[PDB]
>>> print(open('entry05.pdb').read())   # PDB, C-alpha atoms
ATOM      1  CA  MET C   1       0.000   0.000   0.000
ATOM      2  CA  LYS C   2       0.922   3.669   0.641
ATOM      3  CA  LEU C   3       2.449   4.903   3.852
ATOM      4  CA  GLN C   4       1.744   8.580   4.386
ATOM      5  CA  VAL C   5       4.681  10.623   5.742
ATOM      6  CA  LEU C   6       3.623  13.284   8.262
ATOM      7  CA  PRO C   7       5.356  16.174  10.121
ATOM      8  CA  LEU C   8       7.357  14.980  13.116
ATOM      9  CA  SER C   9       6.122  16.250  16.457
ATOM     10  CA  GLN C  10       6.848  15.157  20.057
ATOM     11  CA  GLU C  11       3.229  14.025  20.723
ATOM     12  CA  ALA C  12       2.885  11.999  17.553
ATOM     13  CA  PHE C  13       6.282  10.390  18.246
ATOM     14  CA  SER C  14       5.868   9.957  22.021
ATOM     15  CA  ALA C  15       4.714   6.298  21.988
ATOM     16  CA  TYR C  16       7.901   5.404  20.075
ATOM     17  CA  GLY C  17      10.591   7.622  21.609
ATOM     18  CA  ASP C  18      11.475  11.227  21.943
ATOM     19  CA  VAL C  19      12.060  14.138  19.621
ATOM     20  CA  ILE C  20      15.255  16.094  20.233
ATOM     21  CA  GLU C  21      14.638  19.752  19.526
ATOM     22  CA  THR C  22      14.368  23.154  21.250
ATOM     23  CA  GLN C  23      11.264  24.796  19.722
ATOM     24  CA  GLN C  24       8.657  25.285  22.501
ATOM     25  CA  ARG C  25      10.624  23.203  24.981
ATOM     26  CA  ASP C  26      11.243  24.198  28.582
ATOM     27  CA  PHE C  27      14.722  25.443  29.367
ATOM     28  CA  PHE C  28      16.851  26.748  32.245
ATOM     29  CA  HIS C  29      18.665  30.116  32.019
ATOM     30  CA  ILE C  30      22.282  29.298  32.927
ATOM     31  CA  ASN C  31      25.218  31.768  33.494
ATOM     32  CA  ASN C  32      22.805  34.724  33.695
ATOM     33  CA  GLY C  33      21.133  33.633  30.449
ATOM     34  CA  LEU C  34      24.415  33.193  28.527
ATOM     35  CA  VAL C  35      23.244  29.663  27.956
ATOM     36  CA  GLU C  36      19.725  28.277  27.548
ATOM     37  CA  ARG C  37      19.686  24.652  28.695
ATOM     38  CA  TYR C  38      16.940  22.655  26.915
ATOM     39  CA  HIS C  39      17.040  19.833  29.409
ATOM     40  CA  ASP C  40      15.939  16.197  29.461
ATOM     41  CA  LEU C  41      15.075  15.953  25.752
ATOM     42  CA  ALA C  42      15.837  12.201  25.675
ATOM     43  CA  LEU C  43      17.049   9.490  28.039
ATOM     44  CA  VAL C  44      19.633   6.952  26.949
ATOM     45  CA  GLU C  45      18.666   3.530  28.252
ATOM     46  CA  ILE C  46      21.371   1.044  27.350
ATOM     47  CA  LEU C  47      21.877  -2.359  29.079
ATOM     48  CA  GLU C  48      25.701  -2.303  29.510
ATOM     49  CA  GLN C  49      27.603   0.616  31.041
ATOM     50  CA  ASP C  50      30.574   0.195  28.666
ATOM     51  CA  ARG C  51      28.331   0.330  25.644
ATOM     52  CA  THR C  52      26.940   3.801  25.878
ATOM     53  CA  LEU C  53      28.767   4.885  22.778
ATOM     54  CA  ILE C  54      28.889   8.011  20.601
ATOM     55  CA  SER C  55      29.460   7.456  16.887
ATOM     56  CA  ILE C  56      28.736   9.114  13.575
ATOM     57  CA  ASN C  57      26.729   7.338  10.848
ATOM     58  CA  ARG C  58      27.232   8.850   7.422
ATOM     59  CA  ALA C  59      24.229   7.818   5.337
ATOM     60  CA  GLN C  60      23.533   8.029   1.609
ATOM     61  CA  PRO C  61      20.240   9.605   0.446
ATOM     62  CA  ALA C  62      17.551   7.152  -0.602
ATOM     63  CA  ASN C  63      16.309   7.047  -4.255
ATOM     64  CA  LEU C  64      12.629   7.976  -4.583
ATOM     65  CA  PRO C  65       9.912   6.822  -4.630
ATOM     66  CA  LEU C  66      10.910   4.959  -1.513
ATOM     67  CA  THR C  67       9.444   1.554  -0.714
ATOM     68  CA  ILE C  68       9.954  -0.330   2.565
ATOM     69  CA  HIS C  69       9.421  -3.985   3.567
ATOM     70  CA  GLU C  70      11.152  -4.499   6.901
ATOM     71  CA  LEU C  71      11.949  -2.853  10.186
ATOM     72  CA  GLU C  72      14.670  -3.455  12.827
ATOM     73  CA  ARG C  73      14.496  -3.270  16.658
ATOM     74  CA  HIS C  74      17.167  -3.093  19.304
ATOM     75  CA  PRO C  75      15.985  -4.759  22.521
ATOM     76  CA  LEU C  76      19.115  -3.827  24.516
ATOM     77  CA  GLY C  77      19.255  -0.065  23.985
ATOM     78  CA  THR C  78      17.827   3.205  22.827
ATOM     79  CA  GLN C  79      19.260   4.605  19.605
ATOM     80  CA  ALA C  80      19.524   8.362  18.985
ATOM     81  CA  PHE C  81      20.244  10.027  15.711
ATOM     82  CA  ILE C  82      20.862  13.799  15.350
ATOM     83  CA  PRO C  83      21.795  15.219  11.912
ATOM     84  CA  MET C  84      24.965  17.284  12.121
ATOM     85  CA  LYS C  85      24.184  20.098   9.585
ATOM     86  CA  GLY C  86      20.456  20.881   9.881
ATOM     87  CA  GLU C  87      19.312  18.131   7.471
ATOM     88  CA  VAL C  88      15.711  16.991   7.161
ATOM     89  CA  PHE C  89      15.323  13.216   7.454
ATOM     90  CA  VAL C  90      12.589  10.602   7.513
ATOM     91  CA  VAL C  91      11.791   7.923  10.170
ATOM     92  CA  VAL C  92       9.430   4.950  10.209
ATOM     93  CA  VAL C  93       8.298   3.398  13.471
ATOM     94  CA  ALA C  94       6.075   0.704  14.939
ATOM     95  CA  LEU C  95       5.376  -0.780  18.296
ATOM     96  CA  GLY C  96       4.811  -4.537  18.804
ATOM     97  CA  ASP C  97       6.314  -7.164  21.086
ATOM     98  CA  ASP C  98       7.387 -10.183  18.979
ATOM     99  CA  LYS C  99       6.775  -8.656  15.562
ATOM    100  CA  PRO C 100       5.923  -5.191  14.152
ATOM    101  CA  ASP C 101       2.352  -4.310  15.131
ATOM    102  CA  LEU C 102       1.205  -3.022  11.706
ATOM    103  CA  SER C 103      -1.614  -0.925  13.264
ATOM    104  CA  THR C 104       1.049   1.204  14.998
ATOM    105  CA  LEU C 105       3.054   1.879  11.864
ATOM    106  CA  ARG C 106       3.768   5.503  11.212
ATOM    107  CA  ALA C 107       6.195   7.599   9.150
ATOM    108  CA  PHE C 108       7.524  11.086   9.878
ATOM    109  CA  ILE C 109       9.672  13.740   8.199
ATOM    110  CA  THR C 110      11.622  16.141  10.368
ATOM    111  CA  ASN C 111      11.855  19.919   9.981
ATOM    112  CA  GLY C 112      15.679  20.017   9.991
ATOM    113  CA  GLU C 113      15.902  21.129  13.632
ATOM    114  CA  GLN C 114      15.100  17.717  15.160
ATOM    115  CA  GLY C 115      16.891  14.518  16.155
ATOM    116  CA  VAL C 116      15.118  11.366  17.404
ATOM    117  CA  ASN C 117      15.731   8.820  20.191
ATOM    118  CA  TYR C 118      13.982   5.512  19.551
ATOM    119  CA  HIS C 119      12.969   3.723  22.769
ATOM    120  CA  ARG C 120      14.345   0.245  23.493
ATOM    121  CA  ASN C 121      12.664  -2.446  21.456
ATOM    122  CA  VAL C 122      10.782  -0.035  19.173
ATOM    123  CA  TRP C 123      10.626  -1.006  15.522
ATOM    124  CA  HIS C 124      12.062   1.406  12.997
ATOM    125  CA  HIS C 125      13.584   1.474   9.559
ATOM    126  CA  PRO C 126      17.379   1.144   9.006
ATOM    127  CA  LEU C 127      19.064   4.521   8.790
ATOM    128  CA  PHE C 128      18.901   6.388   5.528
ATOM    129  CA  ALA C 129      19.391  10.018   4.527
ATOM    130  CA  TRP C 130      17.035  12.346   2.710
ATOM    131  CA  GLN C 131      18.182  14.130  -0.504
ATOM    132  CA  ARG C 132      21.828  14.527   0.476
ATOM    133  CA  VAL C 133      24.509  12.488   2.279
ATOM    134  CA  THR C 134      23.958  13.244   5.970
ATOM    135  CA  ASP C 135      26.128  12.674   9.048
ATOM    136  CA  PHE C 136      24.084  11.606  12.035
ATOM    137  CA  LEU C 137      25.581  11.935  15.503
ATOM    138  CA  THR C 138      24.563   8.625  17.053
ATOM    139  CA  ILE C 139      24.232   7.524  20.642
ATOM    140  CA  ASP C 140      23.587   3.788  20.941
ATOM    141  CA  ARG C 141      25.186   0.427  21.823
ATOM    142  CA  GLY C 142      26.962   0.128  18.450
ATOM    143  CA  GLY C 143      27.754  -3.200  16.730
ATOM    144  CA  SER C 144      25.393  -5.358  14.644
ATOM    145  CA  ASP C 145      24.585  -7.477  17.766
ATOM    146  CA  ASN C 146      21.041  -8.195  19.206
ATOM    147  CA  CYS C 147      19.198  -6.469  16.295
ATOM    148  CA  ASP C 148      15.979  -8.217  15.292
ATOM    149  CA  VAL C 149      14.851  -7.617  11.702
ATOM    150  CA  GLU C 150      11.248  -8.396  10.685
ATOM    151  CA  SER C 151       9.599  -8.035   7.299
ATOM    152  CA  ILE C 152       6.539  -5.802   6.810
ATOM    153  CA  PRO C 153       4.007  -5.596   3.942
ATOM    154  CA  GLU C 154       5.725  -3.705   1.114
ATOM    155  CA  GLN C 155       4.709  -0.030   0.943
ATOM    156  CA  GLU C 156       5.625   3.208  -0.675
ATOM    157  CA  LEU C 157       6.214   6.364   1.336
ATOM    158  CA  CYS C 158       3.996   9.179   0.182
ATOM    159  CA  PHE C 159       4.869  12.791   0.948
ATOM    160  CA  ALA C 160       1.484  14.358   0.068
TER
ATOM    161  CA  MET Z   1      49.471  36.114  30.848
ATOM    162  CA  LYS Z   2      48.560  34.418  27.566
ATOM    163  CA  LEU Z   3      46.965  31.047  26.822
ATOM    164  CA  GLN Z   4      47.676  30.025  23.218
ATOM    165  CA  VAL Z   5      44.757  28.364  21.304
ATOM    166  CA  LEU Z   6      45.806  25.532  18.963
ATOM    167  CA  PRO Z   7      44.011  23.275  16.444
ATOM    168  CA  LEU Z   8      41.899  20.551  18.069
ATOM    169  CA  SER Z   9      43.221  17.031  17.459
ATOM    170  CA  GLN Z  10      42.487  13.626  18.953
ATOM    171  CA  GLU Z  11      46.157  13.112  20.031
ATOM    172  CA  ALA Z  12      46.409  16.547  21.653
ATOM    173  CA  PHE Z  13      43.023  16.190  23.411
ATOM    174  CA  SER Z  14      43.478  12.494  24.454
ATOM    175  CA  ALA Z  15      44.583  13.086  28.085
ATOM    176  CA  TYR Z  16      41.367  15.146  28.594
ATOM    177  CA  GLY Z  17      38.646  13.250  26.655
ATOM    178  CA  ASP Z  18      37.825  12.364  23.066
ATOM    179  CA  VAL Z  19      37.316  14.214  19.803
ATOM    180  CA  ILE Z  20      34.100  13.357  17.977
ATOM    181  CA  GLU Z  21      34.713  13.578  14.218
ATOM    182  CA  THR Z  22      34.997  11.352  11.129
ATOM    183  CA  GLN Z  23      38.126  12.507   9.330
ATOM    184  CA  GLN Z  24      40.743   9.663   9.304
ATOM    185  CA  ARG Z  25      38.684   7.590  11.752
ATOM    186  CA  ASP Z  26      38.057   3.893  11.226
ATOM    187  CA  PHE Z  27      34.597   2.972  10.096
ATOM    188  CA  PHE Z  28      32.398  -0.003   9.204
ATOM    189  CA  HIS Z  29      30.713  -0.254   5.753
ATOM    190  CA  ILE Z  30      27.052  -1.001   6.580
ATOM    191  CA  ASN Z  31      24.113  -1.926   4.231
ATOM    192  CA  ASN Z  32      26.616  -2.506   1.421
ATOM    193  CA  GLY Z  33      28.299   0.894   1.946
ATOM    194  CA  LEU Z  34      25.005   2.866   2.160
ATOM    195  CA  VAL Z  35      26.093   3.742   5.719
ATOM    196  CA  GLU Z  36      29.608   4.383   7.032
ATOM    197  CA  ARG Z  37      29.619   3.795  10.783
ATOM    198  CA  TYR Z  38      32.377   5.836  12.450
ATOM    199  CA  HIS Z  39      32.258   3.795  15.641
ATOM    200  CA  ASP Z  40      33.438   4.252  19.221
ATOM    201  CA  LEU Z  41      34.247   7.970  18.852
ATOM    202  CA  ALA Z  42      33.542   8.592  22.554
ATOM    203  CA  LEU Z  43      32.260   6.605  25.595
ATOM    204  CA  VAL Z  44      29.641   8.219  27.843
ATOM    205  CA  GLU Z  45      30.556   7.323  31.454
ATOM    206  CA  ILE Z  46      27.704   8.148  33.823
ATOM    207  CA  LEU Z  47      27.356   5.530  36.589
ATOM    208  CA  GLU Z  48      23.901   6.391  37.962
ATOM    209  CA  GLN Z  49      21.587   4.397  35.737
ATOM    210  CA  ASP Z  50      18.791   6.962  34.907
ATOM    211  CA  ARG Z  51      20.971   9.968  34.338
ATOM    212  CA  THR Z  52      22.327   9.674  30.802
ATOM    213  CA  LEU Z  53      20.420  12.561  29.307
ATOM    214  CA  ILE Z  54      20.424  14.275  25.909
ATOM    215  CA  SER Z  55      19.806  18.017  25.983
ATOM    216  CA  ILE Z  56      20.617  21.034  23.844
ATOM    217  CA  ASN Z  57      22.553  23.949  25.264
ATOM    218  CA  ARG Z  58      22.111  27.118  23.265
ATOM    219  CA  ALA Z  59      25.165  29.259  24.051
ATOM    220  CA  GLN Z  60      25.847  32.922  23.419
ATOM    221  CA  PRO Z  61      29.161  33.851  21.749
ATOM    222  CA  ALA Z  62      31.822  35.116  24.128
ATOM    223  CA  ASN Z  63      33.353  38.611  23.627
ATOM    224  CA  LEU Z  64      37.035  38.923  22.613
ATOM    225  CA  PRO Z  65      39.494  39.476  23.996
ATOM    226  CA  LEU Z  66      38.561  36.198  25.724
ATOM    227  CA  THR Z  67      39.833  36.158  29.282
ATOM    228  CA  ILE Z  68      39.397  33.206  31.680
ATOM    229  CA  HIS Z  69      39.912  32.729  35.392
ATOM    230  CA  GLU Z  70      38.058  29.540  36.349
ATOM    231  CA  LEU Z  71      37.366  25.978  35.315
ATOM    232  CA  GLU Z  72      34.599  23.521  36.272
ATOM    233  CA  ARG Z  73      34.551  19.751  36.435
ATOM    234  CA  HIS Z  74      32.026  17.017  36.806
ATOM    235  CA  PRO Z  75      33.238  14.140  39.021
ATOM    236  CA  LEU Z  76      30.141  11.954  38.343
ATOM    237  CA  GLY Z  77      30.069  11.935  34.519
ATOM    238  CA  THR Z  78      31.466  12.670  31.101
ATOM    239  CA  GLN Z  79      30.050  15.626  29.248
ATOM    240  CA  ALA Z  80      29.792  15.759  25.452
ATOM    241  CA  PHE Z  81      29.038  18.760  23.302
ATOM    242  CA  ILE Z  82      28.515  18.613  19.502
ATOM    243  CA  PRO Z  83      27.599  21.788  17.626
ATOM    244  CA  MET Z  84      24.415  21.410  15.540
ATOM    245  CA  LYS Z  85      25.238  23.452  12.361
ATOM    246  CA  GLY Z  86      28.962  22.828  11.914
ATOM    247  CA  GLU Z  87      30.118  25.747  14.097
ATOM    248  CA  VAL Z  88      33.689  26.248  15.196
ATOM    249  CA  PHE Z  89      34.055  26.489  18.975
ATOM    250  CA  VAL Z  90      36.775  26.795  21.554
ATOM    251  CA  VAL Z  91      37.562  24.553  24.563
ATOM    252  CA  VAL Z  92      39.902  24.875  27.592
ATOM    253  CA  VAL Z  93      41.031  21.855  29.579
ATOM    254  CA  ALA Z  94      43.289  20.829  32.430
ATOM    255  CA  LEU Z  95      43.950  17.743  34.466
ATOM    256  CA  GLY Z  96      44.385  17.736  38.247
ATOM    257  CA  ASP Z  97      42.799  15.848  41.137
ATOM    258  CA  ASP Z  98      41.758  18.408  43.761
ATOM    259  CA  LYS Z  99      42.570  21.495  41.721
ATOM    260  CA  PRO Z 100      43.474  22.426  38.108
ATOM    261  CA  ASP Z 101      47.030  21.300  37.501
ATOM    262  CA  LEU Z 102      48.165  24.439  35.819
ATOM    263  CA  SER Z 103      50.957  22.666  33.878
ATOM    264  CA  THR Z 104      48.266  20.663  32.024
ATOM    265  CA  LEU Z 105      46.321  23.716  30.848
ATOM    266  CA  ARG Z 106      45.510  23.783  27.172
ATOM    267  CA  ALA Z 107      43.145  25.656  24.841
ATOM    268  CA  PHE Z 108      41.870  24.315  21.498
ATOM    269  CA  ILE Z 109      39.792  25.595  18.593
ATOM    270  CA  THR Z 110      37.778  23.196  16.492
ATOM    271  CA  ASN Z 111      37.536  23.011  12.690
ATOM    272  CA  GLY Z 112      33.735  22.974  12.553
ATOM    273  CA  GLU Z 113      33.476  19.202  12.010
ATOM    274  CA  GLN Z 114      34.220  18.238  15.617
ATOM    275  CA  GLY Z 115      32.489  17.735  18.982
ATOM    276  CA  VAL Z 116      34.183  16.866  22.295
ATOM    277  CA  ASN Z 117      33.590  14.458  25.222
ATOM    278  CA  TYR Z 118      35.253  15.579  28.398
ATOM    279  CA  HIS Z 119      36.289  12.605  30.542
ATOM    280  CA  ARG Z 120      34.789  12.487  34.059
ATOM    281  CA  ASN Z 121      36.597  14.833  36.514
ATOM    282  CA  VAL Z 122      38.398  16.781  33.769
ATOM    283  CA  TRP Z 123      38.581  20.511  34.351
ATOM    284  CA  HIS Z 124      37.228  22.577  31.495
ATOM    285  CA  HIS Z 125      35.701  26.002  30.902
ATOM    286  CA  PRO Z 126      31.935  26.611  31.233
ATOM    287  CA  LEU Z 127      30.274  26.347  27.842
ATOM    288  CA  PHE Z 128      30.459  29.373  25.506
ATOM    289  CA  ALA Z 129      29.993  29.840  21.755
ATOM    290  CA  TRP Z 130      32.405  31.298  19.236
ATOM    291  CA  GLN Z 131      31.322  34.225  16.997
ATOM    292  CA  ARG Z 132      27.665  33.247  16.761
ATOM    293  CA  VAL Z 133      24.962  31.754  18.936
ATOM    294  CA  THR Z 134      25.488  27.978  18.692
ATOM    295  CA  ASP Z 135      23.285  25.048  19.718
ATOM    296  CA  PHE Z 136      25.268  22.212  21.257
ATOM    297  CA  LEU Z 137      23.819  18.716  21.419
ATOM    298  CA  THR Z 138      24.712  17.598  24.905
ATOM    299  CA  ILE Z 139      25.069  14.205  26.540
ATOM    300  CA  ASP Z 140      25.702  14.453  30.288
ATOM    301  CA  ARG Z 141      24.063  14.000  33.693
ATOM    302  CA  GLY Z 142      22.151  17.373  33.373
ATOM    303  CA  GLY Z 143      21.382  19.700  36.340
ATOM    304  CA  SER Z 144      23.892  22.013  38.048
ATOM    305  CA  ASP Z 145      24.603  19.628  40.997
ATOM    306  CA  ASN Z 146      27.970  17.856  41.789
ATOM    307  CA  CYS Z 147      29.923  20.370  39.657
ATOM    308  CA  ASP Z 148      33.198  21.600  41.282
ATOM    309  CA  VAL Z 149      34.419  25.128  40.292
ATOM    310  CA  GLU Z 150      38.026  26.392  40.773
ATOM    311  CA  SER Z 151      39.654  29.738  39.997
ATOM    312  CA  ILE Z 152      42.802  29.645  37.802
ATOM    313  CA  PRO Z 153      45.293  32.526  37.167
ATOM    314  CA  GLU Z 154      43.560  34.961  34.873
ATOM    315  CA  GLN Z 155      44.588  34.625  31.236
ATOM    316  CA  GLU Z 156      43.799  35.809  27.765
ATOM    317  CA  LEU Z 157      43.266  33.453  24.853
ATOM    318  CA  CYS Z 158      45.486  34.145  21.866
ATOM    319  CA  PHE Z 159      44.510  32.939  18.417
ATOM    320  CA  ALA Z 160      47.769  33.804  16.610
TER
END
>>> encode(input="entry05.pdb", output="structure tokens")
Amino acid sequence: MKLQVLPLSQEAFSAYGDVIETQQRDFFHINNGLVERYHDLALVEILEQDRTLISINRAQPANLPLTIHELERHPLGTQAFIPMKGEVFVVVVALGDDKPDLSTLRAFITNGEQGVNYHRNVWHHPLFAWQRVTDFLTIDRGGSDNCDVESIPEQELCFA
Amino acid sequence: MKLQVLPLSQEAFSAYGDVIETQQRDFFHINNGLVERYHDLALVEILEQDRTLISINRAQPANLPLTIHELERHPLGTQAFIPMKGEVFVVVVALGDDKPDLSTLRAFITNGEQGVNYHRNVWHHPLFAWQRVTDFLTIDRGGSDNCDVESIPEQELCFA
């Protein structure tokens, strides 16, 4: 079928993780307002101390139209991605215990000022960029270990 | 008295934390090259289990001449800062157990493609931006608790 891609917002994303962004978020005035601290945007929840790792994933832009047929999940850790030069990107997510719960399947496009943190065990699509090669500051467990991949009905993202 | 600011490099910064960047760093080819995973750039070390938080700190640019007279340190966690739109920024670091070991005092300027992760307990300067307001993606314990602050001999950064 067709998967409609919608604007990313914290509320629409909240069942799946957290949106990293400043717009309309509560902050603390630090150093007599020299810094505005937009606090507690996401929580890293990783099983092993020694595996709370910062990396950079440099991702090629997808060809469009874009069709998807599987999602991946990381039971052992959250996974945050924050584009490093203001890039818009696209995310697909689903809840579901053993397998993607297809009724929970949603797709979002960011506004270029947003990163995402997927909660542990939440289904999402493998990382890809939008339009241009994009470096994504990553905070996750790293490796290719304890990643479950499950097929989904083939569908085409629609940016109407 | 004059503190000279030098190019940021991994080898020069290594006693103090890690440089987050891709240039000349080992990576993994993922999804038949579609992603390059620059892995293990920095390790977040926060021992309390619910306190690894992602935030954004939006920092005003300092005025030059830049003069410093104190450093802060966080005994309970690492603190990473990665600029969000490729901004250059300036860092000041020192080692030292109870107090800044003045012989270890260094200043660095980044090339715009770099973030930093201060190791736990490393003295560094309170966050400031360079030239323009800069948003820094932040991974740390958050709050203003368990932060030690220590005067150092006043000094002027020199960018010669």
>>> interface_residues(input="entry05.pdb", of="chain C", to="chain Z", cutoff="6 Å", atoms="all atoms listed in the file", output="mmCIF file with C-alpha atoms, keeping the file's coordinate frame")
data_model
loop_
_atom_site.group_PDB
_atom_site.id
_atom_site.type_symbol
_atom_site.label_atom_id
_atom_site.label_comp_id
_atom_site.auth_asym_id
_atom_site.auth_seq_id
_atom_site.Cartn_x
_atom_site.Cartn_y
_atom_site.Cartn_z
ATOM 1 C CA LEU C 34 24.415 33.193 28.527
ATOM 2 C CA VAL C 35 23.244 29.663 27.956
ATOM 3 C CA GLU C 36 19.725 28.277 27.548
ATOM 4 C CA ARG C 37 19.686 24.652 28.695
ATOM 5 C CA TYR C 38 16.940 22.655 26.915
ATOM 6 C CA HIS C 39 17.040 19.833 29.409
ATOM 7 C CA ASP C 40 15.939 16.197 29.461
ATOM 8 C CA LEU C 41 15.075 15.953 25.752
ATOM 9 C CA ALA C 42 15.837 12.201 25.675
ATOM 10 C CA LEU C 43 17.049 9.490 28.039
ATOM 11 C CA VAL C 44 19.633 6.952 26.949
ATOM 12 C CA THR C 52 26.940 3.801 25.878
ATOM 13 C CA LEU C 53 28.767 4.885 22.778
ATOM 14 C CA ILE C 54 28.889 8.011 20.601
ATOM 15 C CA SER C 55 29.460 7.456 16.887
ATOM 16 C CA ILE C 56 28.736 9.114 13.575
ATOM 17 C CA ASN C 57 26.729 7.338 10.848
ATOM 18 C CA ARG C 58 27.232 8.850 7.422
ATOM 19 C CA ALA C 59 24.229 7.818 5.337
ATOM 20 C CA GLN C 60 23.533 8.029 1.609
ATOM 21 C CA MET C 84 24.965 17.284 12.121
ATOM 22 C CA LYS C 85 24.184 20.098 9.585
ATOM 23 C CA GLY C 86 20.456 20.881 9.881
#
>>> residues_near_point(input="entry05.pdb", point="(32.5, 17.6, 36.4)", cutoff="10 Å", atoms="only C-alpha atoms", output="PyMOL selection string")
chain Z and resi 71-79+118-124+140-141+144-149
>>> residues_around(input="entry05.pdb", residues="residue Z:152", least_positions_apart="3", cutoff="8 Å", atoms="only C-alpha atoms", output="list in words")
residues 68, 69, 70, 71, 100 and 102 of chain Z
>>> write_last_selection(input="entry05.pdb", atoms="C-alpha atoms", output="short mmCIF file (atom, residue, chain, number, x, y, z; two decimals), in the frame of the given file")
data_model
loop_
_atom_site.label_atom_id
_atom_site.label_comp_id
_atom_site.auth_asym_id
_atom_site.auth_seq_id
_atom_site.Cartn_x
_atom_site.Cartn_y
_atom_site.Cartn_z
CA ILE Z 68 39.40 33.21 31.68
CA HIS Z 69 39.91 32.73 35.39
CA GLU Z 70 38.06 29.54 36.35
CA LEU Z 71 37.37 25.98 35.32
CA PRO Z 100 43.47 22.43 38.11
CA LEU Z 102 48.16 24.44 35.82
#
>>> atom_distance(input="entry05.pdb", atom1="atom CA of residue Z:111", atom2="atom CA of residue Z:4")
16.2 Å
>>> residues_around(input="entry05.pdb", residues="stretch 107-110 of chain Z", least_positions_apart="2", cutoff="10 Å", atoms="all atoms listed in the file", output="PyMOL selection string")
chain Z and resi 3-9+12-13+19+86-94+105+112-116+124-125+130+157-159
>>> atom_distance(input="entry05.pdb", atom1="atom CA of residue Z:24", atom2="atom CA of residue Z:132")
28.0 Å
